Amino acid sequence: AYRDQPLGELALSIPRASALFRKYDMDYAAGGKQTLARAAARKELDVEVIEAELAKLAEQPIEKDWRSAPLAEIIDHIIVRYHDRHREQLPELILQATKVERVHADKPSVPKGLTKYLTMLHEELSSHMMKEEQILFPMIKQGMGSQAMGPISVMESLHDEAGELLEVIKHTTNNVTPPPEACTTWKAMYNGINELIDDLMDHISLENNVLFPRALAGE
């Protein structure tokens, strides 16, 4: 039964299961070791319904399965698909949020504090991604991953802090749902936020659930 499998393994094996877990606000990225059963119980969800939704998704194999891919290919993919994108996405969202918080300051639904939280995420993620690209990822490419417990534990602590920031961003934005009086800039910014959350969760998932454990295992 899918409920007895870890969230991370389900997300990495079933196409769009990541999107299903995002719908249910289950942390498959930094909390990807927990079983679906445990995650669903904490959130008081009907786990049979979720198993049926996963079964329908699992009719196809995942288009690209990273679980057994070479660690160097995973690293190069992370840098181009996630690190480079975050470095473009977040400055753009910071400026959009600034504009929304000023233009709609008088409105009740305006996401006050959003700029602040995006800025914190950008600063913390920027420094973090530089340390991966300059220290940890080269160490893994050199074959020293089995010696990386310390560095990986530091990176995984930052992942938890990034997850905390994501929760604050989601709360500030009514789970990234714009109000009815949202103009196009506001709505477009929320689409960008959802894209950032989707990407960052898949990115952390690939590191926590594939790259880091396999590196430590000597692969």
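Don't overthink the numbering: it's just position in the shown sequence, from 1.
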Higher-B stretch (mean Cα B-factor, as the entry records it), 197-205 or 6-14: 6-14
Tell me which stretch, 108-116 or 88-96, has the higher mean Cα B-factor listed in the entry. 108-116
Peak C-alpha temperature factor (PDB record), options 158, 52, 29, 152: 52
From 62, 169, 189, 36, pick the one with the largest CA B-factor in the entry? 62
Where does residue 147 sit by CA temperature factor within its chain: lowest, middle or highest third? highest
Tell me, lowest, middle or highest third: where does the Cα B factor of residue 102 rank within its chain? highest
Within this chain's modelled residues, let me know which third the CA B factor of residue 165 belongs to: lowest, middle or highest. middle
